[PDB]
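turn this into a model:
(3 chains)
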Amino acid sequence: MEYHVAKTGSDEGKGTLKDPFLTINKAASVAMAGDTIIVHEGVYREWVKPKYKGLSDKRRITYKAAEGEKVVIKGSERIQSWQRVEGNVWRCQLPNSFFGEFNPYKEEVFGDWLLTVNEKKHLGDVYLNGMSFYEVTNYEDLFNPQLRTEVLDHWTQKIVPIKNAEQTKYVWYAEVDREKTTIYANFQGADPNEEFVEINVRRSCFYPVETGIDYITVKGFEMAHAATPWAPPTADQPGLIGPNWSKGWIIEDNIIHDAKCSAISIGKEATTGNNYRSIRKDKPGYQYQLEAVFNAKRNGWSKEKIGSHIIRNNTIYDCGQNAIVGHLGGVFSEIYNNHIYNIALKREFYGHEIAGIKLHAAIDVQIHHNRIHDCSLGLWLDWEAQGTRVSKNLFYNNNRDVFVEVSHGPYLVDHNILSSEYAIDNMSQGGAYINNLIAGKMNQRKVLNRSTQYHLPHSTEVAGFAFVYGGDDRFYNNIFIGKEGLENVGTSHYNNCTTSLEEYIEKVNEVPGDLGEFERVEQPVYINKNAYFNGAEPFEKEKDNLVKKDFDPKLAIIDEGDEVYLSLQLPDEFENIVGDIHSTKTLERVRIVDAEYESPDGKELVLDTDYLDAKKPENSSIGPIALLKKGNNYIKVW
Amino acid sequence: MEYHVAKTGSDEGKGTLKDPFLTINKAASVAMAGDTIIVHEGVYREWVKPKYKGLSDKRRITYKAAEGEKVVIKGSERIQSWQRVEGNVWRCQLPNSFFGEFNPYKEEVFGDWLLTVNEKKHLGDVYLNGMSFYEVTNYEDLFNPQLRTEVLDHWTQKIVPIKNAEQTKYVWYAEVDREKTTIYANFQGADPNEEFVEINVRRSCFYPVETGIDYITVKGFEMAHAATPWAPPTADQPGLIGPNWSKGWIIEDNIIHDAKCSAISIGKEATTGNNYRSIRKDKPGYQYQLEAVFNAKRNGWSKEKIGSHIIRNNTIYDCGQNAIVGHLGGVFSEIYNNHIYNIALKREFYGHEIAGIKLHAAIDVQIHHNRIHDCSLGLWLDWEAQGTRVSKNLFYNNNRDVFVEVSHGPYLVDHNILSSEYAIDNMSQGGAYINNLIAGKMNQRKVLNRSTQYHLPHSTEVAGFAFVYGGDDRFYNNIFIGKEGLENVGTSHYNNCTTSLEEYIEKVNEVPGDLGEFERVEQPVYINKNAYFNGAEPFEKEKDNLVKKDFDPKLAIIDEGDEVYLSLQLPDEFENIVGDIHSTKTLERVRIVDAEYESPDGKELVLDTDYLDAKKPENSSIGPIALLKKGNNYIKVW
Amino acid sequence: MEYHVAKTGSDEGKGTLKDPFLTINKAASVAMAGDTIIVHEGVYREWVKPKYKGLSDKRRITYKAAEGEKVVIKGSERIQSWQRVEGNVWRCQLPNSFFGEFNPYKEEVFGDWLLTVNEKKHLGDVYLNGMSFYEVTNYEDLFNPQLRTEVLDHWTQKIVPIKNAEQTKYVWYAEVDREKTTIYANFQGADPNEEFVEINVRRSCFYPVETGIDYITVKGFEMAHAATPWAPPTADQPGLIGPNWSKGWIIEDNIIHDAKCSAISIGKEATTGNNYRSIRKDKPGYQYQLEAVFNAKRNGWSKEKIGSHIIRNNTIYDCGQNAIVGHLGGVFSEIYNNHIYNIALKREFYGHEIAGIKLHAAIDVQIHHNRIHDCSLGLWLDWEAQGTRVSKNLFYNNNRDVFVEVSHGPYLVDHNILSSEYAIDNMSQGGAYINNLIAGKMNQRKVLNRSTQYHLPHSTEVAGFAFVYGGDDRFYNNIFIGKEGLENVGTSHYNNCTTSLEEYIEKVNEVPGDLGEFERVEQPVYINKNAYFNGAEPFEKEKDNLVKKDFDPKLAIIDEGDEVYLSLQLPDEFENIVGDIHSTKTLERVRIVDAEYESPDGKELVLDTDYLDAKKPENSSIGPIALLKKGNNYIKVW
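Numbers count the residues shown, from 1 in each chain, chains lettered A, B, ... in the order given. The coordinates are given below.
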């Protein structure tokens, strides 16, 4: 059945093209496997709750915007009952019943790993012609807000410009008592009843209220203004849109923005753990997170039931926690061709769950061909990045590009452009960085007081757990570019590491013993055929490399809106380093997990296509794009 | 069917009382669920391999000695083909075919955690009228062997007397080439052909060659001389007798001795891990042990399939590694009324798997009413001692009594007599020490570089894993007794600890954060109503105790063979410290595992019966025996 | 923390004794493990939703009525806005918001195995001074309703008296439109605004809205009027009160009544299956139920996570489907000392899920010491009654007492009084009926077209599945009593069965083959020491029995309200038939499941205590009560 939803419809209608339903949730309450719901032009202010599940990729339930029509799903409501209080501050009041069980003005940003606990923030928001406001703590703070032009990036502790400085003068404050919700905001001279002013109302826009609602496709919508809660790996992780612990969704061709915390969630649900560290306070979130993995396994977390979602061709921006988030629920998924930007720039709250894309237990997840910029952190893989492949992505203008935390691999980062000044936080082992352009520092550190799970290959089955001893990383064919005032760019980090698993084994076994003898030897690294320019420094034992400290590539990423260009100068010697095509055969297995770098289907993996998807020759130049050459390079990269 | 085996029988017979079989293995080849095998007087030199399984506790297969008859199963053979070489050294030679696939003279003591790797030892042995020999390395060492009267205890590094000094002059040496096995031994003047001289030949005496041969009862036999291999938790763990990965065996009323390494094994089998650290050398046994736990879980390691064995009323002695050993295969078992002694005293080899009783993953195992003495270590619970209860046992004359390593509990040690000078090695957390007599030091240490699993209660399901932060131990109603020249007796080890989970939580939560804030605070301890004499020192914050540093109890354990007495003096003030009856209600839950102390069936546990099984009132003497009182005390304890 | 709720309280208060909350759900939203919620006198019209879970039996969350106070939780609301329409029919109108998401007047009795599909019924109800009404189909049916004094019992197809005939004249009919709900009812002359008139409004009274809220105790309340939905094993199974897929609840000392369908549910939740046969219509519920078992196993259905609930000392009555219901969620539970009556007597709807107590997969469930009467079916065990023990219960005045369907056992029915004319529906195998008094017929039938799961003992692990071939039943020490006209009372049903597993094996193996050879031989029965009076007939091969067809015991159950008595005459020959004490040793294992009859803890079971809990000697009267003897007997049985 093909159901139609249109603003000329009625929920008492049949739902056909001639007699369409009026609300999307009406269609969502009757559609069954194999049906399609076509939504016509309009703004739908509702939270769509798919009731029945698709049954296979062929028998999906597909929700899509009518061809060529603009369809918007919003969690907000326009408010035109404001009254001027004094100056540029106005007030509106609503019955608590307006919000039902979930009131964003009462609900706090709360939970494990939220670090800004002194200044409470709520899930509400106010918008003036689409522009969100900054919450203030006290009523008095509304009247003379101060324009701010720079802000401290929490992780890097660097003061950086505020992209939209004017926005800092637009503030809101609210109170909720037993009967009413009262919201105040400074509109800086505008009349909020005349302009288009909206406030957050609902938690989500498109999200099932039962788990297991598999095989849903959502395509072609603009979705916005969702009062989503702080979403750590140890709690339920609702988003503006998400599968809610199920399998086989396809979220594509959507424009998603203004989610309070996370926009798209492929995370977990509450029964396997819900902020126990913050609520019970007896054990840390570290301890509760490793327990949640086993709780989920007992609840059937496996390839057969969870994951394998596809998030593609979406534009996601202006979210406070993440464009994409999720612990466990994203295993085996694919995330590609997305444009993600402006994630967590307002910094109204901060904690260890913020990033353009953040995934815990991203088992065999493929993240490729994404454009990620203007984020405080572009990508964060945190725990169980086993089989994960981050390939052909464009990262620029971020405070940090990539962070792989407490993972054991085998994980692959290949053919990417990591152009920000702080490129990589590496608190893992078992990685392979192949054919990337890396123009920022790498902070590499062991993690000896946190042990985390590893798995059997291509599975959620747990094989063991380990601390991060550091090293056991591969680096081949990368172009590293340092910068005056920037330290730790390159691979010198591994200077005390062994150079093969054979060497590591021989050294460990010189003196009889067990764990202590292994701990006294540094793990092996496999590093060759990299170039180091402008101050980047190499692993001292690297056999074949190109080091030109006085050569300045003058790298620039030029963002012209829809198109992006890479400008780079390379030395004549660039052409002298010939990279090999890497594959399962060329990449040494990781030590602890004892697994190879392969495709998700268990077959041999060959890294023979570059950033531009060009087939790579056996004898190629290094870096992410085969066509780079000595001299000037001006390449369209998006 | 009731089958009979007798030395007047024939394996071609029917196996009836009037027409019995000749070998026990013949009966083992035909008995089925519900059958009984009655063995008549004689020495049966064979390895019995139960072929079919029992099907329930009611439909077991029972192997037993005929009432009032002496039945012996031996893995050795008597040798009467010795030829004098020179002096007191004699030689015999056997075809390699005599040993089949397993030749003790070629097989080495080998494997993970074996520490004495410079001096190779083998699994063979030579006996003169029942007394085993000491192996020597070179042919030359045979002729003028040196009498030794003292030996260094490896763990304590203390020089101690050799119990049987004369035995140190009886040595053997062997060679195995492509065709023959040649054995030499110094008989110190005796004629080995006239005397009764035996050599090890077979690996085991009563052990299935397939796994899953459940519900077998083995009763009333003497079994001896088994060339058993080194049995770490990361390898196959065969023993002289054992269930070989199955459920519901009852091993009772047997006299077992002279197993090279371990006597009774309720351990694991090879498919879940087999000395990978020693063979592959890429990861430590630590890493391979935690993996074996998950490997076993996939192989069905659960209450439904493995464990629940009973080992009771046996006498086990003169073994080189353990009287009872086992990783995983012993879950939910009961070990009681056994007399275990002389374990690992020869010290021909040493490593971290030696103890009278050693169990890894002793989940809900009950070890009670056992007499354990003259061992280098009486009991070692290593990993996953969750729900384990060590109750009413008698430990004396051991270099060390108990070791609980890298466990999280809740584990209970109650109403025991730990009378050796080094009583406890505590490298765990989550313990409850209740109503014990402790007369030796405790070495308590954190283990921050090894994390180990914990489980859901009364189950093999894994709930998480953790390192050992130290503390979170309870000590109530114990009588501690120090000694001059002995440090660390008592509970002063915990002076820096918090005193309640509420205090710990309050301190940890003083400043926002996660794991780091928890690690900065010491775990709570629950200590009260203990007495400290002759040098023992108390936890400084203990509220109610009795400390008389100068009072000497003059503790003595008098072993008269079949009977054992306890002699002890107590001060008049002893009448003034009264112990409470502890129970699930009175014992605070352990922090990390978040579980209570209770019975294996999930019911509340009340510790109201003492070492002598006397029911005691709410107000009673502290210590293991309610009869103890001020003044002189002379109690039969065995 | 001990929270207090009272009608003089405030949900803005601290929740203390002096400053108590006003609503129970307020306390339910803040209580945490270890806390107690004490509710003071009053009628609380709300659905209590426990938010946090208890963590162990010691750390439960307890909700209880203040001592000696009458506390009622109702799902209804009193209506005093009625307007007379004509004659004795009145009408009230409520905006749909009064009901919110769940409107009983819109919701139908619907789902798998509902058989009365031509006459639609809804979940609403109207009460006049506590007496519920009968729904009618059309507006016109309200005006001159007909008094009915008899009704057809659907299963037995017997016309029986309607207990409360006057109630049949009180009818209601409702109309729900886009804005409001209009309810009409005939009050037969009373003024509904002056009398106490209530209507159903909420679905449940005390039931979590998240699964996994373990270890809750609910005690001392009266709870009533819940619009609960039809609850088959293939759908979500909400009730008036229930644990909603969790472990360790204790529901005790409550008076529960007027649940539309099921009152106490220890059933399953939606994700494992939700009326797929009725909604998708591609496969039968039979097929979807066996799938739900595997779906639940994947979701953690096991003793570690689900079940082990205790339902005791409650009075439950006037429900349309069951007093207690549940598929899967009740494993390992205990149901005792409950008084259940008046279940499904109005017969407004009928289907295959109706019974006083109905449980699917009642693994190791103990149902004992309950009084069940005036039900259309007293107890229905349906699939996987493995380890179930129905002991010492009192059944009378039921159209049918017990139904054990498509189960393989071993299940035990001992020491019960089954006094209704149709005592047993036996569509299973593997049962043991020991020491019962059975005064009605047994309908025993094979089920060759439905195969159902069996398990490993004391576990939810699946071992296999089988059809019901019939037989493999044990009958020992029962007193059977026929009645003029009543057919099939006794054990003659099994006349062509074999008498031992040895005989069965011998006959099947006469000619080579597989399944077909087994299907042609009747399974064995183990029947001895039973008495047959007043027309009951014995198995023709029973060795020792007492048959007196012309003796009439004149059995009567005398219900005096709070006490119930059994009157029975027995012949002098009753003294000469002596019953044996049955136990795990005496009861032959069941054939297909290959398991013994034992206690849930795996220990031997000994059936040496009678209905009155008297320990009996080796030689005792047969039947359920050792006090019964030749002559007149008048015994208190409740």
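
quick check: residues of chain A near chain C?
Residues of chain A lying close to chain C (C-beta under 8 Å from any C-beta of the partner chain) are A:12, A:32, A:178, A:210-212, A:270-271, A:279-280, A:298-300, A:302, A:304-305. Yep, even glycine has a C-beta here, placed from its N, CA and C like the rest.

helices of the stretch 301-450 of chain A, start to end?
Applying DSSP state H, counting those that start in this stretch to the stretch 301-450 of chain A gives no helices.

what residues does it have near chain B?
So the stretch 301-450 of chain A meets chain B at A:448-450 (C-beta under 8 Å from any C-beta).

and those residues, which is closest to chain C?
Ranked by distance to chain C (C-beta to the nearest C-beta), these are led by residue A:450 at 24.7 Å.

the closest one against residue A:406, yeah?
Yes - under the criterion of C-beta atoms under 8 Å, residue A:450 makes contact with residue A:406 at 5.7 Å.

what do these two both touch?
residue A:468 (C-beta atoms under 8 Å, 6 or more residues apart in numbering or on different chains).

returning to what we had before: out of the residues of chain A next to chain C, who's the most crowded?
Using other C-beta atoms under 10 Å in any protein chain shown as the neighbour criterion, residue A:299 leads the residues of chain A next to chain C with 25 neighbours.

ok, back up a step: of the residues of the stretch 301-450 of chain A next to chain B, which is the nearest to residue C:264?
Closest approach to residue C:264 among those (C-beta to C-beta): residue A:450, at 44.7 Å.

ranges for the helices of the stretch 51-200 of chain A?
Going by DSSP H, counting those that start in this stretch, the stretch 51-200 of chain A shows no helices.

which parts of it sit against chain B?
Residues of the stretch 51-200 of chain A lying near chain B (C-beta under 8 Å from any C-beta): A:112-113, A:115, A:117.

possible to save those as a markdown table with neighbour count?
Output for these, formatted as a markdown table (neighbours: other C-beta atoms under 10 Å in any protein chain shown):
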| residue | neighbour count |
| --- | --- |
| A:112 | 26 |
| A:113 | 22 |
| A:115 | 15 |
| A:117 | 13 |
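
kindly indicate which of those residues lies nearest chain C.
Nearest member of these to chain C, counting by C-beta to the nearest C-beta, is residue A:112, at 16.4 Å.

tell me which two of the residues of chain A next to chain C sit farthest apart.
A:12 and A:280 (48.5 Å).

angle of the longest strand that chain A contains against strand B:447-455?
Secondary structure assigned by DSSP state E gives strand A:447-455 as the longest strand of chain A. Relative orientation of strand A:447-455 versus strand B:447-455 (axes from the mean of the first three to the mean of the last three C-alpha atoms, to 10 degrees): 30 degrees.

which element follows strand A:447-455 toward the C-terminus?
Moving toward the C-terminus from strand A:447-455, the next helix or strand (DSSP states H and E) is strand A:462-468.

tell me what that next one is packed against?
Applying 3 or more C-beta pairs under 8 Å, 6 or more residues apart in numbering or on different chains; DSSP states H and E, we find strand A:462-468 packed against helix A:285-298, strand A:447-455, helix B:285-298, strand B:447-455.

which residues are contacting whichever helix or strand comes after it?
Following strand A:462-468 in sequence order, the next helix or strand is strand A:474-476 (DSSP H and E). Applying C-beta under 8 Å, 6+ apart, the contact partners of strand A:474-476 are A:431-435, A:491, A:525-530, A:539, A:579-580, A:582, A:587-588.

who does strand A:474-476 pair up with?
Strand A:474-476 has the following strand partners under DSSP bridges: strand A:431-434 (parallel), strand A:526-528 (parallel).

need the contact list for the closest residue to residue A:175 other than its chain neighbours.
Leaving aside its chain neighbours, residue A:175 sits nearest to residue A:182 (5.0 Å; criterion: C-beta to C-beta, 6 or more residues apart in numbering or on different chains). Counting by C-beta under 8 Å, 6+ apart, residue A:182 touches A:91-94, A:174-176.

distance of residue A:248 relative to residue A:241?
15 Å (C-beta to C-beta, to the nearest Å).

residues contacting the residue of the stretch 351-500 of chain A found nearest chain C?
Residue of the stretch 351-500 of chain A nearest chain C, by C-beta to the nearest C-beta: residue A:460 (12.0 Å). By C-beta under 8 Å, 6+ apart, residue A:460 lies in contact with A:297, A:301-303, A:306, A:331, A:361, A:363.
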